[PDB]
>>> print(open('coords-v9.cif').read())   # mmCIF, C-alpha atoms and all ligand atoms
data_structure
#
loop_
_atom_site.label_atom_id
_atom_site.label_comp_id
_atom_site.auth_asym_id
_atom_site.auth_seq_id
_atom_site.Cartn_x
_atom_site.Cartn_y
_atom_site.Cartn_z
CA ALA A 1 93.71 84.28 72.29
CA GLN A 2 94.65 86.08 75.49
CA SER A 3 98.28 86.39 76.59
CA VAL A 4 99.26 87.08 80.21
CA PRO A 5 102.01 89.76 80.21
CA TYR A 6 105.08 88.53 82.18
CA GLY A 7 104.59 91.30 84.72
CA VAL A 8 101.11 90.12 85.82
CA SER A 9 102.50 86.69 86.63
CA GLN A 10 105.64 88.16 88.22
CA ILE A 11 103.66 89.94 90.93
CA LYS A 12 101.56 86.80 91.48
CA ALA A 13 98.14 88.28 90.50
CA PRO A 14 96.85 85.14 88.70
CA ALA A 15 96.76 83.31 92.03
CA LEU A 16 94.12 85.79 93.23
CA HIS A 17 92.28 85.60 89.94
CA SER A 18 92.00 81.86 90.52
CA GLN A 19 90.37 82.40 93.89
CA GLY A 20 87.72 84.68 92.36
CA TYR A 21 89.43 87.96 93.38
CA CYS A 22 89.75 90.35 90.41
CA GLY A 23 89.04 93.85 91.79
CA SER A 24 85.23 93.87 91.39
CA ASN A 25 83.61 97.06 92.68
CA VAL A 26 87.00 98.75 93.32
CA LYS A 27 87.11 102.16 91.68
CA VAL A 28 90.49 102.91 90.12
CA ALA A 29 91.34 106.24 88.54
CA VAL A 30 94.08 106.38 85.89
CA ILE A 31 95.19 110.07 86.00
CA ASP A 32 96.96 110.25 82.63
CA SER A 33 96.46 110.96 78.92
CA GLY A 34 92.88 109.52 78.80
CA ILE A 35 91.77 105.91 78.04
CA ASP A 36 90.56 104.76 74.58
CA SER A 37 87.12 103.57 75.70
CA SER A 38 86.55 101.97 72.28
CA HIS A 39 89.21 99.32 72.97
CA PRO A 40 87.63 95.87 72.98
CA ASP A 41 89.87 94.75 75.89
CA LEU A 42 88.92 97.57 78.25
CA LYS A 43 85.79 98.71 80.09
CA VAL A 44 85.79 102.37 81.16
CA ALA A 45 83.08 103.16 83.72
CA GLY A 46 83.53 106.93 83.92
CA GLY A 47 85.96 109.81 84.20
CA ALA A 48 86.53 113.44 83.39
CA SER A 49 88.89 115.60 81.34
CA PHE A 50 90.85 118.49 82.86
CA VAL A 51 92.78 119.31 79.67
CA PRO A 52 91.20 122.47 78.27
CA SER A 53 91.80 121.62 74.65
CA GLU A 54 90.91 117.92 74.91
CA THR A 55 87.47 117.66 76.54
CA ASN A 56 86.80 113.96 75.96
CA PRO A 57 88.48 111.74 78.55
CA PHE A 58 87.72 108.68 76.37
CA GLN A 59 89.96 109.73 73.50
CA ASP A 60 93.67 108.99 74.11
CA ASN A 61 95.78 110.81 71.52
CA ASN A 62 99.04 109.92 73.29
CA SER A 63 98.72 106.15 73.91
CA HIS A 64 100.23 106.33 77.42
CA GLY A 65 96.98 106.37 79.43
CA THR A 66 95.54 103.43 77.49
CA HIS A 67 98.76 101.41 78.10
CA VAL A 68 98.73 102.13 81.85
CA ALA A 69 95.02 101.29 81.99
CA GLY A 70 95.43 97.87 80.33
CA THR A 71 98.07 96.99 82.94
CA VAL A 72 95.57 97.78 85.69
CA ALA A 73 92.51 96.22 84.05
CA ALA A 74 92.63 94.68 80.56
CA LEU A 75 89.66 92.34 80.62
CA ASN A 76 89.77 88.67 81.29
CA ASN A 77 88.39 87.24 78.04
CA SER A 78 89.79 85.45 74.99
CA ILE A 79 91.49 88.46 73.46
CA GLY A 80 94.53 90.54 74.04
CA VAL A 81 96.04 90.81 77.48
CA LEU A 82 95.10 90.58 81.12
CA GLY A 83 95.13 93.28 83.75
CA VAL A 84 96.22 92.92 87.32
CA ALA A 85 92.60 93.57 88.45
CA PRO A 86 90.48 92.78 85.38
CA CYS A 87 87.10 93.38 87.09
CA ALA A 88 87.96 96.82 88.49
CA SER A 89 85.87 99.90 87.72
CA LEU A 90 88.24 101.95 85.55
CA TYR A 91 87.99 105.74 85.42
CA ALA A 92 89.81 107.88 82.85
CA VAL A 93 90.93 111.17 84.46
CA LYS A 94 92.50 113.02 81.55
CA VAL A 95 95.14 115.47 82.75
CA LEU A 96 97.82 115.05 80.03
CA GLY A 97 97.40 116.13 76.41
CA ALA A 98 98.46 114.47 73.19
CA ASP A 99 102.15 115.30 73.68
CA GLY A 100 102.10 113.55 77.06
CA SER A 101 102.57 116.71 79.14
CA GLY A 102 100.10 118.69 81.25
CA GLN A 103 100.02 121.58 83.73
CA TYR A 104 100.04 121.12 87.48
CA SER A 105 96.66 122.83 87.79
CA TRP A 106 95.14 120.11 85.56
CA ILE A 107 96.74 117.25 87.48
CA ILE A 108 95.55 118.71 90.77
CA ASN A 109 92.03 119.23 89.38
CA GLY A 110 92.03 115.54 88.46
CA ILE A 111 93.14 114.46 91.97
CA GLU A 112 90.39 116.66 93.42
CA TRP A 113 87.93 114.98 91.09
CA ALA A 114 89.07 111.54 92.27
CA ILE A 115 88.52 112.40 95.98
CA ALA A 116 85.07 113.89 95.26
CA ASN A 117 84.05 110.87 93.19
CA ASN A 118 85.11 108.30 95.80
CA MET A 119 87.92 106.59 93.89
CA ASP A 120 89.43 103.73 95.95
CA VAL A 121 92.83 103.80 94.18
CA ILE A 122 94.54 106.53 92.19
CA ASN A 123 97.33 105.77 89.70
CA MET A 124 99.66 108.59 88.66
CA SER A 125 102.13 107.45 85.96
CA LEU A 126 103.57 110.96 85.68
CA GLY A 127 105.94 113.21 87.57
CA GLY A 128 107.95 116.43 87.56
CA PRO A 129 111.19 117.58 89.12
CA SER A 130 109.38 120.16 91.30
CA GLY A 131 106.54 119.97 93.87
CA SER A 132 104.03 122.58 95.06
CA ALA A 133 102.04 123.14 98.25
CA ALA A 134 98.87 122.48 96.18
CA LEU A 135 100.17 119.21 94.79
CA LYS A 136 101.17 118.02 98.23
CA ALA A 137 97.82 119.14 99.65
CA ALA A 138 95.81 117.22 97.08
CA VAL A 139 97.68 113.91 97.55
CA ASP A 140 97.58 114.38 101.32
CA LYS A 141 93.79 114.92 101.29
CA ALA A 142 93.25 111.86 99.09
CA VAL A 143 95.12 109.69 101.58
CA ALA A 144 93.35 111.35 104.58
CA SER A 145 90.10 110.49 102.80
CA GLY A 146 91.06 106.83 102.56
CA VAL A 147 92.33 106.68 98.97
CA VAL A 148 95.39 104.56 98.05
CA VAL A 149 97.64 106.85 95.95
CA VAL A 150 100.26 105.17 93.70
CA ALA A 151 102.86 107.03 91.61
CA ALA A 152 105.73 106.24 89.23
CA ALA A 153 109.07 107.12 90.79
CA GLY A 154 110.57 108.66 87.65
CA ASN A 155 112.94 107.70 84.89
CA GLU A 156 115.99 109.69 86.07
CA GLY A 157 118.40 106.86 86.81
CA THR A 158 121.21 107.50 89.27
CA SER A 159 122.84 110.84 90.08
CA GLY A 160 125.80 110.65 92.49
CA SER A 161 124.20 110.09 95.91
CA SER A 162 121.05 112.22 95.49
CA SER A 163 117.42 111.24 95.15
CA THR A 164 116.11 111.33 91.58
CA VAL A 165 112.47 110.49 92.57
CA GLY A 166 110.10 113.13 91.12
CA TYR A 167 106.84 114.56 92.44
CA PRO A 168 104.27 113.54 93.54
CA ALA A 169 106.06 110.22 94.10
CA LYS A 170 108.47 111.96 96.52
CA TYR A 171 105.67 112.70 99.02
CA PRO A 172 105.44 110.32 101.95
CA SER A 173 101.65 109.88 101.58
CA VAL A 174 102.25 108.47 98.07
CA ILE A 175 103.56 105.01 97.17
CA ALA A 176 106.54 105.60 94.86
CA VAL A 177 107.11 102.78 92.41
CA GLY A 178 110.37 101.92 90.58
CA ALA A 179 110.89 99.42 87.77
CA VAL A 180 112.51 95.97 87.55
CA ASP A 181 112.90 93.61 84.58
CA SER A 182 111.76 89.99 84.32
CA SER A 183 114.93 88.92 86.16
CA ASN A 184 114.26 91.28 89.15
CA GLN A 185 117.14 93.55 88.16
CA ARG A 186 116.49 97.29 88.63
CA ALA A 187 115.99 98.97 85.23
CA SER A 188 118.88 101.37 84.60
CA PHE A 189 116.45 104.29 84.05
CA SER A 190 114.51 103.74 87.30
CA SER A 191 114.67 106.67 89.71
CA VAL A 192 116.40 106.20 93.05
CA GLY A 193 116.20 107.61 96.57
CA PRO A 194 115.05 107.17 100.12
CA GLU A 195 111.44 107.96 99.07
CA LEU A 196 111.31 104.87 96.88
CA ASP A 197 108.78 102.39 98.32
CA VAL A 198 108.37 99.32 96.08
CA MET A 199 109.32 97.88 92.69
CA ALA A 200 107.24 96.40 89.89
CA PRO A 201 107.83 95.14 86.35
CA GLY A 202 108.57 98.10 84.05
CA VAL A 203 110.61 96.83 81.08
CA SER A 204 108.98 95.89 77.75
CA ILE A 205 105.50 95.70 79.29
CA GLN A 206 102.82 94.49 76.86
CA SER A 207 99.50 96.29 77.25
CA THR A 208 96.65 97.85 75.23
CA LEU A 209 97.16 100.77 72.81
CA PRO A 210 94.45 102.93 71.15
CA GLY A 211 92.72 101.53 68.07
CA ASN A 212 92.42 97.87 69.13
CA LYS A 213 96.21 97.53 69.37
CA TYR A 214 98.75 96.00 71.76
CA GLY A 215 102.46 96.87 72.22
CA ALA A 216 105.23 97.16 74.77
CA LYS A 217 106.42 100.19 76.69
CA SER A 218 109.17 100.56 79.35
CA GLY A 219 109.27 103.03 82.28
CA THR A 220 108.32 103.44 85.92
CA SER A 221 105.06 104.63 84.28
CA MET A 222 104.49 100.94 83.46
CA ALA A 223 105.54 99.80 86.95
CA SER A 224 103.03 101.97 88.85
CA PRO A 225 99.82 100.40 87.44
CA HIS A 226 101.00 96.97 88.60
CA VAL A 227 100.88 98.37 92.17
CA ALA A 228 97.60 100.25 91.65
CA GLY A 229 96.12 97.01 90.25
CA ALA A 230 97.56 95.09 93.20
CA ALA A 231 95.85 97.45 95.73
CA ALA A 232 92.55 96.78 93.82
CA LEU A 233 92.96 93.02 94.23
CA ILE A 234 93.62 93.51 97.98
CA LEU A 235 90.51 95.67 98.47
CA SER A 236 88.44 93.07 96.58
CA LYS A 237 89.49 90.49 99.15
CA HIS A 238 89.33 92.76 102.23
CA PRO A 239 86.80 95.51 101.49
CA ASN A 240 87.11 96.82 105.04
CA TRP A 241 90.89 97.49 105.10
CA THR A 242 91.96 101.12 105.27
CA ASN A 243 94.38 102.46 102.61
CA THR A 244 96.91 102.24 105.48
CA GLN A 245 96.49 98.50 105.86
CA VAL A 246 96.65 97.98 102.11
CA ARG A 247 99.89 99.91 101.87
CA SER A 248 101.53 98.19 104.85
CA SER A 249 100.57 94.76 103.49
CA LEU A 250 102.13 95.54 100.10
CA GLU A 251 105.30 96.92 101.64
CA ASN A 252 105.63 94.25 104.30
CA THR A 253 105.45 91.20 102.02
CA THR A 254 107.78 92.14 99.16
CA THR A 255 110.51 89.91 97.77
CA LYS A 256 113.61 91.82 99.01
CA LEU A 257 116.12 92.77 96.33
CA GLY A 258 119.20 95.01 96.81
CA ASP A 259 119.53 98.24 98.78
CA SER A 260 116.40 100.25 99.62
CA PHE A 261 117.85 103.32 97.96
CA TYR A 262 117.61 101.43 94.65
CA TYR A 263 114.86 98.89 95.27
CA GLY A 264 112.85 100.32 98.16
CA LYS A 265 111.28 97.38 99.97
CA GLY A 266 111.57 95.06 96.97
CA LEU A 267 109.17 93.58 94.46
CA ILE A 268 105.53 93.37 95.49
CA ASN A 269 103.90 90.02 95.81
CA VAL A 270 100.13 90.38 95.76
CA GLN A 271 99.53 86.78 96.76
CA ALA A 272 101.41 87.34 100.00
CA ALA A 273 99.99 90.85 100.45
CA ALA A 274 96.41 89.60 100.18
CA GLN A 275 96.64 87.16 103.13
CA CA B 1 91.84 90.28 77.43
CA CA B 2 108.03 106.79 99.95
NA NA B 3 106.55 108.42 98.64
#
>>> encode(input="coords-v9.cif", output="structure tokens", more="lines below")
Ligand SMILES: [Ca+2]
Ligand SMILES: [Ca+2]
Ligand code: NA
Amino acid sequence: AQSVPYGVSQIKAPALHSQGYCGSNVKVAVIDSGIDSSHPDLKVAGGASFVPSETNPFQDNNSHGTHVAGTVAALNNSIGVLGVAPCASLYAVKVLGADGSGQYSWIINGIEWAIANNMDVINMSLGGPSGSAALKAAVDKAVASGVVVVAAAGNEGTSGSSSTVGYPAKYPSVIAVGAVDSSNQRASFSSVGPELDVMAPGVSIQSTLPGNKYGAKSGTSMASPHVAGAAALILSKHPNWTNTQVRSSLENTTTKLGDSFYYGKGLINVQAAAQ
């Protein structure tokens, strides 16, 4: 039987599902450690690998990319879990290797690929403490090209009064996502700062794992795909909205939590965001 992860319900996705909105024809790129395309609960449409030693984007030797992807789009069937936008066209853009790290040149190559291939939404569940003119340029171009770019804020917790949001999440053109629990409390690990935009469920998130498995993971990596999946539902309902309108709708209809430095605008509510 299929189980709906708490997080899907928390952001109110099922309401859209009920209306017949599930992300059909929205192209979402998971820029991460690849997606196990053999998983029975996922449907990968395409993708590319930018990791020199791991040329197949459909082999995930880490498990991270597959987990992120099931949050976005685990199929609606009688098995496993359920994604935020279960009918989306899922693309595996492999930029992290088996050890979960990757070079900036690879990540950037992957963003460039996503622009060229007309992805609607990009999910980046990754981040580093330092930026680069090339990294900024690539996210900026995606957004100028009409792509919704979503990134995990980071897992750096609090540090005095400084921002601990990593890159590319720190860039204004990107939506930086922090993590809450099932009670709406900020996860202690969730990165903080003025660049934080929204929150999403990121503690003990059940999703798909390679080799027809399921398991839980915690991190702002798990929070970001709820937002990416949410932008896919919105576009399925309003195919003519610009990335700008999608973003404003998500930000403008959150459930407000505590201070914006810790919670940004609050927890997204896709039901409200979809109008
Ligand atoms: Ca399923
Ligand atoms: Ca921001
Ligand atoms: Na940002």
>>> residues_around(input="coords-v9.cif", residues="segment 252-265 of chain A", least_positions_apart="5", cutoff="8 Å", atoms="only C-alpha atoms", output="ChimeraX atom specification")
/A:178,184,186,191-199,272-273
>>> residues_around(input="coords-v9.cif", residues="residue 40 of chain A", least_positions_apart="2", cutoff="9 Å", atoms="only C-alpha atoms", output="count of residues only")
8
>>> closest_residue(input="coords-v9.cif", among="A:108, A:35, A:72, A:203", to="residue 227 of chain A", atoms="only C-alpha atoms")
A:72
>>> closest_residue(input="coords-v9.cif", among="A:187, A:11, A:174, A:267", to="ligand CA 2 (chain B)", atoms="only C-alpha atoms and all ligand atoms")
A:174
>>> residues_around(input="coords-v9.cif", residues="segment 149-165 of chain A", least_positions_apart="6", cutoff="6 Å", atoms="only C-alpha atoms", output="list in words")
residues 121, 122, 123, 124, 125, 174, 175, 176, 177, 178, 188, 189, 190, 191, 192, 193, 220, 221, 224 and 228 of chain A
>>> residues_around(input="coords-v9.cif", residues="residue 25 of chain A", least_positions_apart="4", cutoff="10 Å", atoms="all atoms listed in the file", output="PyMOL selection string")
chain A and resi 87-90+120+232+235-236+239
>>> atom_distance(input="coords-v9.cif", atom1="atom CA of residue 24 of chain A", atom2="atom CA of residue 64 of chain A")
24.0 Å
>>> closest_residue(input="coords-v9.cif", among="A:136, A:4, A:205, A:144", to="ligand NA 3 (chain B)", atoms="all atoms listed in the file")
A:136
>>> atom_distance(input="coords-v9.cif", atom1="atom CA of residue 68 of chain A", atom2="atom CA of residue 225 of chain A")
6.0 Å
>>> closest_residue(input="coords-v9.cif", among="A:58, A:233, A:247, A:29", to="residue 15 of chain A", atoms="all atoms listed in the file")
A:233
>>> atom_distance(input="coords-v9.cif", atom1="atom CA of residue 54 of chain A", atom2="atom CA of residue 127 of chain A")
20.2 Å
>>> closest_residue(input="coords-v9.cif", among="A:119, A:250, A:1, A:209", to="residue 226 of chain A", atoms="only C-alpha atoms")
A:250
>>> closest_residue(input="coords-v9.cif", among="A:245, A:9, A:19, A:173", to="ligand NA 3 (chain B)", atoms="all atoms listed in the file")
A:173
>>> residues_near_ligand(input="coords-v9.cif", ligand="ligand CA 1 (chain B)", cutoff="7 Å", atoms="only C-alpha atoms and all ligand atoms", output="list in words")
residues 2, 41, 74, 75, 76, 77, 78, 79, 80, 81 and 82 of chain A
>>> write_last_selection(input="coords-v9.cif", atoms="C-alpha atoms", output="PDB file, keeping the file's coordinate frame")
ATOM      1  CA  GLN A   2      94.650  86.080  75.490  1.00  0.00           C
ATOM      2  CA  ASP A  41      89.870  94.750  75.890  1.00  0.00           C
ATOM      3  CA  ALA A  74      92.630  94.680  80.560  1.00  0.00           C
ATOM      4  CA  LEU A  75      89.660  92.340  80.620  1.00  0.00           C
ATOM      5  CA  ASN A  76      89.770  88.670  81.290  1.00  0.00           C
ATOM      6  CA  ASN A  77      88.390  87.240  78.040  1.00  0.00           C
ATOM      7  CA  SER A  78      89.790  85.450  74.990  1.00  0.00           C
ATOM      8  CA  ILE A  79      91.490  88.460  73.460  1.00  0.00           C
ATOM      9  CA  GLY A  80      94.530  90.540  74.040  1.00  0.00           C
ATOM     10  CA  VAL A  81      96.040  90.810  77.480  1.00  0.00           C
ATOM     11  CA  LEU A  82      95.100  90.580  81.120  1.00  0.00           C
TER      12      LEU A  82
END
>>> axis_aligned_box(input="coords-v9.cif", around="segment 81-87 of chain A", padding_each_side="4 Å", output="lines of an AutoDock Vina configuration file")
center_x = 91.7
center_y = 92.1
center_z = 83.0
size_x = 17.1
size_y = 11.0
size_z = 19.0
>>> residues_around(input="coords-v9.cif", residues="residue 61 of chain A", least_positions_apart="6", cutoff="10 Å", atoms="only C-alpha atoms", output="PyMOL selection string")
chain A and resi 33-36+54+96-100+210
